[PDB]
Amino acid sequence: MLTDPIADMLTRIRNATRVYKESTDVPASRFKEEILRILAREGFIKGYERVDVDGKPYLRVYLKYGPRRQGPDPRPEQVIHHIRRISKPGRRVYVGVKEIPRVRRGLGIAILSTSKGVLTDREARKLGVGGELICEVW
Amino acid sequence: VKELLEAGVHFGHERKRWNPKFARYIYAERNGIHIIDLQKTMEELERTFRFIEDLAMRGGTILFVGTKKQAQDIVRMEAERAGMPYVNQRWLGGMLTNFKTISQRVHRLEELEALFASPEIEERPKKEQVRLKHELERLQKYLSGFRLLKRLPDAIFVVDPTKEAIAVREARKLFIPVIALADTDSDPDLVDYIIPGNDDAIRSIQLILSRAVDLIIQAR
Amino acid sequence: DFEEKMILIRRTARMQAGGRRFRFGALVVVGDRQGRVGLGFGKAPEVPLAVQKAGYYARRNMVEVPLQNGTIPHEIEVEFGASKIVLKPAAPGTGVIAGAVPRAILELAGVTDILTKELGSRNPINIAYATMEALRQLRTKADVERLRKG
RNA sequence: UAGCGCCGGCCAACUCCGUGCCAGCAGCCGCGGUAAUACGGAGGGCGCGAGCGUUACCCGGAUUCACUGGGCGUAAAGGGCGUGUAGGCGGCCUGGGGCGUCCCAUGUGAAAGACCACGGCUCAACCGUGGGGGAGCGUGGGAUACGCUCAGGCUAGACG
RNA sequence: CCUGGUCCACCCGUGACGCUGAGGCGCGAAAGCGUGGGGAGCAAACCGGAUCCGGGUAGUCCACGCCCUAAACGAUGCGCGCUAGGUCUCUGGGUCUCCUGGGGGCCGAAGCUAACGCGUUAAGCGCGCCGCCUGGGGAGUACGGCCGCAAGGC
RNA sequence: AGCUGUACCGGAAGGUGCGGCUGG
């Protein structure tokens, strides 16, 4: 069965990017909505919209790619080069304010589910709180 | 539209052959055949034609690549009615990545052509003359039209991107923009400026190439 | 304008009709110490021919490194076959910390301060290719901003 | 007062004479049967220096027990299969609790050792003064995003 | 005759009742053993010939108990989600030349692999749980323990 | 053809019976 919905979304997005689809569909959840909102704010994806697939609520994610390239293999550069799940069921990862990771010298972002909702590494450090390290994106 | 419809441009190949990557250009399916969306064809044609017009105005060089059985004569006639070179017999592997080597053959053909029109041919007895005749005939058949290229071209025009995949690869490797008259069984991603049309149906190729060459001539 | 040094010379053999035929392979890195590097592999019957061919090849397979304060913008790990390379930025006044192959590649690129590591198979050819691939996959702040925001 | 090791590759530093699978060297590869920069001596040269080498033990290189940071078609590695106990993990929509989790304040975390600053032995080792940092735990007060639990609803898993 | 699993259509009911599984329990080709029957053909060991052929006991068969191994292999643990297609074939359903499920193969996008190759039946991208590896030989050997009448197995 | 579990060799640089696999 489906054990980790968040990992499911991460893999879905990765698989969508790797084949250059304009949009993808995912089962609906509030926490997933929050994650996608964070991603959209940081300009990783073109944006999300709540839709309905044959009765069931879904979210359609519109993806963003780079410009068409030259030479052999003209496939554009990805905007999401690498997305990884940190805290998984069976081994949860919790970090304090002092242990918040820096991803790619600030070129990347990390998602923290803290007491004050879902934040990036920057804003989590700003508000001076720690939480659960959901995933890293760069 | 109204000029493309009668030429059978919008008639593709069967369901058996269609390349998935081309699906974005399919209008609908009827009678076990695929249909290309006329509208999309129209704006793609507009874009590519604008590019070709600009390149012609700047004084660029375009190479014509059509080898398919029915397209040989069309390519020949359409190319001759312009300064642009062409390849219409068979794409020798390495006309671009190995341009120098083929230029050696161009030089050889030039030297032979000069020799046969010289009053020094009274040497080299009849049999050697016949051998040289055979050599000259072969080089003329294969290397005609290509002789115009003093250097690397500025763009490439291909009738079928799949049949002439080697030429596409070479052009991609040497940063040469590609113009293709693709169909249902082609890869859109490998062509910078694509015309979704037909590769069979002499009428379609005639129309497209005639329009292209007229645009070339007009912009000079 | 471009200065040259050798990664490695090797001699390979092939059987024939009662005998051995030897061909020489050269791995050559070229650079300008300004943020541009090239790598080539040349195979020839003779050593000078191999060196010439390798340099000739390297002169086109060209890479621009986005240098800043003579160090890499960000850390990167790259897998090529069974080889792994790890590169990390360093503060000014650290020095090139690398093996023969990575040091040779990075010095010609103008890199002055970096921490490197080799993992898995340590075959020179694959390490060199991995290093080049890692160099090709480097971005700066400006590039990321342009792609994201636009 | 100037000694000790090494000079084939790893690894910095080459030439003569003696012996001819003998005497020997050897950390690995290996060197020695007429050329041997690899044995012994000499000349010369590298490295360190009142020290220089050898042996024994620990960590590293070893991502070679892989939490960071490995794997199991053919290199070592999927149990001969099923049912299932303990255990491990687990759909979405609102609430209550605040155990895990995060934050703030405070107590402790002795002295010496580690770090930083200054200072006393002619300098340094050595020592002194001062300032912090510190994993963890106790007490008091906050938050509910995620895990947990207690209530209610749903049909996309499962079952009929 | 009795009985297990499974698939499709209707979308009618329950409202998370699910996945995996150390031990345990059961099944487990062939060969082999015990208590009884049976024995046409074939055939270990064995009896003869020229140095493969002719015979021939156990065994192969049945009932009830043991034994528990293997190139027990797809040399690929189980469950769920995502990621282009083409072709052949088995079996269902529809508005029937096509559309939609569930199996068995072949070519191949992206991707993975050291390579061979795999590729919606993944050896790809992931999550959950169990089993196993730490250079070759010695060696699946020695001692100990458990199982079995024994060979032997773990 | 090779390999393999098992069961036997008083004409054993291996042989045969019952299977199984292609790593022919």
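Residues numbered from 1 in each chain as written, not as in the entry; some residues may be left out. Chains lettered and ligands numbered in written order. Part of a larger assembly, values for the part shown. Heavy atoms only, no water.

**Details of the protein's contact with RNA strand D**
Then, in step 1: Close contacts around RNA strand D come from 29 residues, with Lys56(A), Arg91(A), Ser115(A), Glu132(A) and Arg122(C) the closest.
Then, in step 2: For RNA strand D, the backbone portion of the atoms within 4 Å of the protein, that is sugar and phosphate, comes to 76%.
Then, in step 3: The side chain of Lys56(A) places a nitrogen or oxygen atom 2.8 Å from a sugar or linking oxygen of RNA strand D.
Then, in step 4: If you list the elements that add at least two residues to the surface near RNA strand D, you get α2 (30-41), β5 (94-95), β6 (109-114) and β8 (131-137) of chain A together with β8 (114-120) of chain C.
Then, in step 5: When grouped by side-chain class, the residues that make up the surface near RNA strand D number 10 nonpolar, 11 polar and 8 charged. (Near = heavy atom within 4 Å. Polar contact = N/O pair within 3.5 Å; in protein donor to acceptor, adjacent residues only side chain to side chain. Helix = DSSP H or I, 4+ residues; strand = E, 2+ residues; numbered from the N terminus. Nonpolar A, V, L, I, M, F, W, Y, C, P; charged D, E, K, R; others polar.)

**Quick word on the domain arrangement of chain C**
Residues and elements named next belong to chain C.
Then, in step 1: Here the domain parsing of chain C yields domain 1 (3-62) and domain 2 (63-149).
Then, in step 2: Here domain 1 and domain 2 have C-alpha centroids that lie 22 Å from each other.
Then, in step 3: The partner domain 2 presents 17 residues to the 19 residues of domain 1 that form the contact.
Then, in step 4: Between domain 1 and domain 2 the total buried area reaches about 1,500 Å² when both faces are included, carbon and sulfur atoms providing 70% of it.
Then, in step 5: At the boundary of domain 1 and domain 2, one finds 6 residue pairs in polar contact.
Then, in step 6: Looking at the side of domain 1 that touches domain 2, the elements that each hand over two or more residues are β1 (3-16), β2 (19-31) and β3 (36-44).
Then, in step 7: By residue number, the principal contributor to the side of domain 1 that touches domain 2 is β1, which donates 5 residues. (Domains from an automatic or database assignment. Contact = heavy atoms within 4.5 Å. Buried area = accessible area lost by both parts, 1.4 Å probe.)

**Some details on helix α3 (residues 124-136) of chain C**
All names here are of chain C.
Then, in step 1: A rise of 1.5 Å per residue sets the reference length of α3, with its 13 residues, at 18 Å; its end C-alpha atoms lie 18 Å apart and thus fit the reference within 8%.
Then, in step 2: For α3, the complete set of buried residues consists of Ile125, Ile127, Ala128, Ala130, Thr131, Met132, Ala134 and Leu135.
Then, in step 3: Between the side-chain oxygen of the N-cap and the backbone nitrogen of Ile125 there are 2.9 Å, and the N-cap of α3 in question is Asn123. (Expected span 1.5 Å × (residues − 1). Buried < 20%, exposed > 50% of the residue type's maximum accessible area, 1.4 Å probe, protein only.)

**Brief notes about the sheet that holds strand β1 (residues 23-27) of chain A**
Hydrogen bonds between backbone atoms are what pair the strands of a sheet, whose relative direction is either parallel or antiparallel.
Residues and elements named next belong to chain A.
Then, in step 1: Spatial ordering of the open sheet is given by β1-β3-β2, a layout of 3 strands whose pairing is antiparallel. Two strands close off the open sheet at either side, each with one partner strand: β1 and β2 (45-53). In this sheet, neighbouring strand axes are inclined to one another by 25° on average, regardless of whether the strands run parallel or antiparallel.
Then, in step 2: Across 5 bridges, β1 lies against strand β3 (residues 56-63) in antiparallel orientation. Bridge pairing in β3 places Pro27 opposite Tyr58.
Then, in step 3: Sitting on the sheet, helix α1 (residues 5-17) is in contact with β1 and β3, with an inclination near 165° to β1.
Then, in step 4: Against the sheet, α2 contacts β1, β2 and β3, and its axis sits at roughly 150° relative to β2. (Pairing = 2+ DSSP bridges. Axes fitted to C-alpha atoms, helices over the stretch in contact; angles between N-to-C directions.)

**Quick look at the pattern of salt bridges**
Then, in step 1: Scanning the model with the defined rule gives 28 salt bridges over all chains in all.
Then, in step 2: Ionic pairing is found between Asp37(B) and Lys40(B), a salt bridge with its closest N-O pair at 3.7 Å.
Then, in step 3: The exposure class assigned to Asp37(B) is buried, which follows from its relative accessible area of 10%.
Then, in step 4: We classify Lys40(B) as partly exposed; its relative accessible area is 32%.
Then, in step 5: Between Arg146(C) and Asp143(C) there is a salt bridge whose closest N-O contact spans 2.7 Å. Within this pair, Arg146(C) and its partner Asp143(C) are both found in helix α4 (residues 141-148), separated by 3 residues, close to a single helical turn.
Then, in step 6: Using a relative accessible area of 52% as the deciding quantity, one classes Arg146(C) as exposed.
Then, in step 7: Judged by its relative accessible area of 21%, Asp143(C) falls in the partly exposed class.
Then, in step 8: Sharing partners across several salt bridges, the network here consists of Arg41(A), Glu42(A) and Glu123(A). (Salt bridge = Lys/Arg side-chain N within 4 Å of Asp/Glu carboxyl O.)

**Some thoughts on the packing of aromatic side chains**
Residue and element names in this part refer to chain B.
Then, in step 1: For the structure shown, the criterion picks out 7 aromatic pairs over all chains.
Then, in step 2: Taken together, a centroid distance of 5.4 Å and an interplanar angle of 25° make the contact between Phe64 and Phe157 stacked. Note that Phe64 is positioned in strand β3 (residues 62-65) and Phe157 in strand β5 (residues 155-158), a separation of 93 residues in sequence. (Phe/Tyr/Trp six-rings, centres within 6.5 Å; stacked < 30°, edge-to-face > 60°.)

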